[PDB]
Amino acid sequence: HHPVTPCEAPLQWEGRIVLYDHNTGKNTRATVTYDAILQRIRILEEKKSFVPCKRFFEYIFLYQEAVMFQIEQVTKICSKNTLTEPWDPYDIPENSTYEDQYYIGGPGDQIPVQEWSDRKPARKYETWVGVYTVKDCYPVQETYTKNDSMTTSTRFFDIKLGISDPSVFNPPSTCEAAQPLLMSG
């Protein structure tokens, strides 16, 4: 029985992701503190042994106040910018096309999930697909070929409901500053 609407994804959680940007072939790894109630999300990039990028950023997105802070974790050199952009939660729009349900993982230790997309018969390809657990409606994976081939796959994990540490949305001392554009060296 094809669901009449998608489950409603959690509004607040702390978890970790891997964002795979195809444009560049890069996997960023991140710890994420997510809050759809306040329309704010904090992403702390993660470092691994013997990677060639010198630079790692914490991002703090505050859509309610239309600004994003971006801190180089090493130098601490902040970067306040504006956000023109409308907030996009990690959930499933109510107009989303159901696609499938299946069990991930082998017999015994497995788990049922669901696949939705923005497929409509008008267009050749989808621009969104998401997989979410059946029980709690947690995000597992999304792909968003947004803006003509700037496509990303995102994987979510170690999710844990709610927010133990709200301090992390408070931008640090060094953030009474300006609008640089930082990227990875």
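Each residue number is its position in the shown sequence, starting from 1.
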On average, which has the higher Cα B-factor in the deposited entry, 146-154 or 37-45? 146-154
Comparing 126-134 with 55-63, which stretch shows the greater average C-alpha B-factor in the deposited entry? 55-63
Split into thirds by Cα B-factor across the chain's modelled residues, where does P86 land: lowest, middle or highest? middle
Place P10 in the lowest, middle or highest third of its chain's C-alpha B-factors, as listed in the PDB entry. lowest
Entry-reported C-alpha B-factor of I163 relative to its chain, by third, is middle
Is the Cα B-factor recorded for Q110 in the lowest, middle or highest third of its chain? highest
Relative to the other modelled residues of the same chain, rank the CA B-factor of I71 and answer lowest, middle or highest third. middle
